[PDB]
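Below: the structure, in structure tokens.
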Amino acid sequence: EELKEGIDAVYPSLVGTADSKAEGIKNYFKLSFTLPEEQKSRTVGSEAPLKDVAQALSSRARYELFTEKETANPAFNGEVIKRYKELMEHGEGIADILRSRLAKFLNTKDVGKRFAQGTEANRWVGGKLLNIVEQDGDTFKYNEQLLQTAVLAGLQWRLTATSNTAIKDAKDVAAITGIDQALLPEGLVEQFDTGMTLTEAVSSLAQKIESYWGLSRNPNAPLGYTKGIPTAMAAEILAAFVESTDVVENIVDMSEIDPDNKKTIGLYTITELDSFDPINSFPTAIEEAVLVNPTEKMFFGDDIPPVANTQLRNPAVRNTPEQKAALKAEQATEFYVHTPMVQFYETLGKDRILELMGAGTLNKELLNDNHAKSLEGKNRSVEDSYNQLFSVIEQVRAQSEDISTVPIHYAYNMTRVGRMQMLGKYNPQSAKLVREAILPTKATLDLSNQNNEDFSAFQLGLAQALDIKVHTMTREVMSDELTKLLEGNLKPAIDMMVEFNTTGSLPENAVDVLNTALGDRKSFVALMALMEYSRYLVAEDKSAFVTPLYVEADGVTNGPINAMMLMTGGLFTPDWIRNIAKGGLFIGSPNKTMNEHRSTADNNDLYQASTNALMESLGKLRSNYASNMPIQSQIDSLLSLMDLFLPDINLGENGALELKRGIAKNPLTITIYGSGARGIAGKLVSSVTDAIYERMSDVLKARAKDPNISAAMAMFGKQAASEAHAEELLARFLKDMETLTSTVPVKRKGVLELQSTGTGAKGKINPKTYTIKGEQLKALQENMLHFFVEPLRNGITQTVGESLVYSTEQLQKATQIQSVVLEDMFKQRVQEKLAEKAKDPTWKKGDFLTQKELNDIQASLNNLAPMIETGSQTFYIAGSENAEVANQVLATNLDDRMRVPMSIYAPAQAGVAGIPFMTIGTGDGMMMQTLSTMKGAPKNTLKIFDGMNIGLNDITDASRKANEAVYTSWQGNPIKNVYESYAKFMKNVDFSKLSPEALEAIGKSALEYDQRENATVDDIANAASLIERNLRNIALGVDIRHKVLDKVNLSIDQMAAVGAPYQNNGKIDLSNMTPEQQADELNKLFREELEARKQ
DNA sequence: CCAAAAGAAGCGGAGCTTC
Ligand SMILES: Nc1nc2c(ncn2[C@@H]2O[C@H](COP(=O)(O)CP(=O)(O)OP(=O)(O)O)[C@@H](O)[C@H]2O)c(=O)[nH]1
Ligand SMILES: Nc1nc2c(ncn2[C@@H]2O[C@H](COP(=O)(O)CP(=O)(O)OP(=O)(O)O)[C@@H](O)[C@H]2O)c(=O)[nH]1
Ligand SMILES: O=P([O-])(O)O
Ligand SMILES: [Mn+2]
Ligand SMILES: [Mn+2]
């Protein structure tokens, strides 16, 4: 413990004494940090970090010497050096702003004078930066080493933070704003996704600052300072960036949206550099100079990423040896630029790519306001992908003369749901634009004979890219569908691309050519197909055609099928056998493929099946209210409105209802995963209203083209046969909107009753400003809920099985109950430590606990089995980071604003998270992990969770391996894993110790509704043990089912497209049998196995 | 439903208050 002397030698003039027990001013920087055993940052010890790093950046030679390396990134050239010189000068500006901000803080309310007189201002929420100041005559000044290093971190954050932010969707924006997800105004999601919240901005900035300071946290120092000091620095730097206009602050007033929402929420947006800024070609020079082991960098050639030790954002969970092996395998894969696609993108240019793939140039007077905001968001995503691709390309271009031969590696980590996530927002796994320019897939094909297997592979890739659903038809049938398309509608586009691949030029009408040819087949991968086919046509040597074109093996209705296989717990039923076949589990059909199943046996997948069951439930609901004309009319109007605007709903002339799989796809999925019906109703309404607002733009565009067009032809001209037709479609719309907003169904004692809202929609429609307001949205949702979603939910249960639903319920309940106890006990042990600390004269409220103290509290939870283990994966369902544990501000800026809450890694309630955690984890997660690590693991692939892109040379074997990996995952038993954790929990939990809040939360899960009011401790303890019994029985059933299934002849084609099924070679032959016969035989084998347990 | 949380700001020196 010579760590006190060490850090004092480096920072001898900081104000105060590095002694927690001292009477006067105590220095909490020196008390909180220590010098590392091995250098982490090259700025430690530097008198002037900004000067030193600026010199290092001033030339290649100086950079190489400072970094103690032989050769710098070749992207670090003259133009880039000049830009960094200018950026360093800007660093001086930020430093100067910070110094003045400190001066102002010291002067205001005499804080500096009081601090000098012994007022412990350095322990205030806004004064923690006084721990990094030094006496300066009658005042104080920043330690220059710490300030300048922090500014360097600030500059790196400014350059690359935006590219590393998370994506905000509707759920995220609802949590942030506190506005019900279904009622979010159009473009609010887009507004919030483009900016950072205060916590988002400060936490990322603070991480950078602490990293560059290059020290280690003292485990016996309070988090109020270890986390507090760098956060305080970050808050000041964010404030400085607002002053400099590097960051724009927008305080968004929620009361303008919902008058009873008091929240005012800060959004921070970094000012974007020019797309042509040379700094874009190497944006991490600072990072790679300051840090001995940089995080932010590209991995070129044989520079490979390290393997992460812990689960993403879950430091309590180590990646298992098998997970680390999978990560290593994926990080080993080489990606390469496909020059033709880069040149194609480049030649079209950003504007034309936006026109083709986004919304083009928006003119805000032919657009409905709400629709205009969605179109803005669509442009943003495409533009950001384009810009990010070309920044990467500029860096790749510097590495070699031939960009197509520069290997690129990507870092991955395991998420909390066991998926291998490629890090970054704009990479091949996450961004479709990028996916068609940077690829690991490569093959040299013999395309000289259209009868070759190589040519068949080529065709499969092209067809899939062109939106032919290749898994639904045999290879032979696919081939003919592709040929017709290539020689038909696509031919003018192919001709254009042939010319491009000859002269390098595109015509002025290139966008129109592609649009007209592709129609609804338009996608980035479709562009790759047109490119590659045209390249083949002009190829000199068709016998050795080199292409990155791929085939994606993708899981057919993957999550739902995995749940059905992994968690169905009773005896076998013929309906389950038929339905699981829809997912590619074929019993008694050696070598059967999904392609054959779809073409000869059953053309309806699981989602289509549930749609059919919805149609039955709907009929039953109508019969229950046959004599009720108001109810019948209300149902009619809902279905009418959906028919008007949604592609997956169709009503025939005589009233015949037709539904496509698309309406059930997400609802079925998220229902299994614990979604309420209300949320689904909200999403369906949003899809309807999206289409309405778009149709309103179609109106404004029709009126501009023709001022004497009728409202009926302006809104329904493109949709109608004649004009009288457009008139009856318009009448429908107005009638539907009136009744669906003025009247709502309410359930009263199991009966639906119509009620007047009093807030019905009436008035002339102004297509420009037209917006369906909150109360009217609520009414649409209520109609959608009771007349569509409830029937759909009934259909869902019928399709996936009541047995599965039961398993998922018990899983949810157990994991929720456990998480409630974990959360409450953590909080109680925290409050108990804080009551002790309140006796410590060295401790002040706002100082929190130490890391050791928190580590001890987490370790004390271990007899409650917080972790779920499978043998190859670890899940921590309760793991979170939240502000509710410390319930206090961590730091503010020096203006008493930017008040960052103190967030702590702690267990929190799971809610329904246990279901998707376990289903995604032991399903697609385990499948991919197995694919990366199994004997003969396919090489040169890109994995996208339940889909895998395969090079054309290896489509057969890699597909068969994928199906084998499915079979391997289907040997799992997530319920058994949950049970083993819950069983340990149950023998160590003391329900009497729980707070009243925790006991109430467990009551909801463990008890029937008529039990919460009067709940005793012993009642809910008894109820919790009952769930343990339920889990044990389900787990036993699953085990038997898997064992029995393994004995039988199986052909598995869940990872479909190629027609390469995995055969388990089970010896019991169930061929030439109905599902009823099969179920009987399987159940005989079940009982036989069940009687083997007994004895 | 899940894969990441997440109000601001005066006065005063924490945390109540009001918007
Ligand atoms: N918890 C959630 N999981 C989702 C959601 N969307 C997709 N997924 C998961 O990813 C899985 C694969 O998604 P895909 O895009 O391939 C669609 P899916 O496989 O369900 O059916 P196909 O259309 O046959 O591919 C899916 O089955 C779910 O387990 C979602 O909104 N929430
Ligand atoms: N857990 C979740 N996974 C998702 C969700 N959305 C997408 N995904 C996963 O990411 C994969 C890619 O999603 P995309 O947006 O590209 C939809 P697409 O049909 O184009 O994907 P493919 O299945 O690869 O054809 C998807 O298949 C799922 O496996 C989600 O909301 N939750
Ligand atoms: O093109 P699909 O059939 O693999 O989705
Ligand atoms: Mn899928
Ligand atoms: Mn997929």
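As a basis for the values below, the full set of heavy atoms in this structure was taken, side chains included, without hydrogen atoms, waters or symmetry mates. A note on names: the letters A, B, ... follow the listed sequences, proteins ahead of strands, and every chain is numbered from 1.
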Can you check the distance between B/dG13 and B/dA9, where both ends of the measurement are the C1' atom (answer in whole Å)? 15 Å
How would you label the contact of [X] with the nucleic acid (heavy atoms, under 4.0 Å): base, sugar-phosphate, or nothing?
X	result
A/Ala175	nothing
A/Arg114	base
A/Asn882	sugar-phosphate
A/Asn314	nothing
A/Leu198	sugar-phosphate
A/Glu200	base
A/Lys844	sugar-phosphate
A/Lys845	sugar-phosphate
A/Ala121	nothing
A/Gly126	nothing
A/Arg313	base
A/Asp172	base

Output yes when at least one side-chain N/O atom of A/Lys262 is less than 4.0 Å from OP1 or OP2 of B/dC19, else no. no
Quick check on B/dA9: is either OP1 or OP2 less than 4.0 Å from any side-chain nitrogen or oxygen of A/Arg897? yes
Checking A/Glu836 now: which residues fulfil side chain to side chain contact (heavy atoms under 4.5 Å, CB included) with it, not counting sequence neighbours? A/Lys833
State which of [options] makes the closest approach to the side chain of [X].
X	options	result
A/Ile251	B/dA8, B/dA4, B/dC1	B/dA8
A/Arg899	B/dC11, B/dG12, B/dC1	B/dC11
A/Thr264	B/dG7, B/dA6, B/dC11	B/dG7
A/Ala166	B/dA4, B/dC1, B/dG10	B/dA4
A/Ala883	B/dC2, B/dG7, B/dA6	B/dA6
A/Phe917	B/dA3, B/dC1, B/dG12	B/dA3
A/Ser675	B/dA3, B/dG13, B/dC1	B/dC1

Is it true that [X] and [Y] have a side-chain N and a carboxylate O under 4.0 angstrom from each other?
X	Y	answer
A/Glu552	A/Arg435	no
A/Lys208	A/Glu296	yes
A/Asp895	A/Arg101	yes

Do A/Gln851 and A/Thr226 have a side chain donor and acceptor closer than 3.5 Å? no
Here B/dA6, assessed by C1'-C2'-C3'-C4' with north positive and south negative, has its sugar north
Starting from the 5' end of DNA chain B, give me the residue, A/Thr669 or A/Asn887, whose nearest nucleotide shows up first. A/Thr669
5'-most contact on DNA chain B (nearest-nucleotide basis), A/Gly676 vs A/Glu881, goes to A/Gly676
Given atom CG of A/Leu834 and atom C1' of B/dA14, what is their separation to the nearest angstrom? 15 Å
Can you check the A/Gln429 CD to B/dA3 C1' distance for me, whole Å? 12 Å
For the base of B/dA3, is there a side-chain donor-acceptor partner from A/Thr415 under 3.5 Å away? no
Check whether the side chain of A/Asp253 and the base of B/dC19 form a donor-acceptor pair under 3.5 Å. no
If the condition is side-chain hydrogen bond (donor to acceptor under 3.5 Å, both in side chains), which residues does A/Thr269 pass it with, not counting sequence neighbours? none
Where does the angle between the aromatic ring planes of A/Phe140 and A/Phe115 fall among parallel (under 30°), tilted (30 to 60°) and perpendicular (over 60°)? tilted
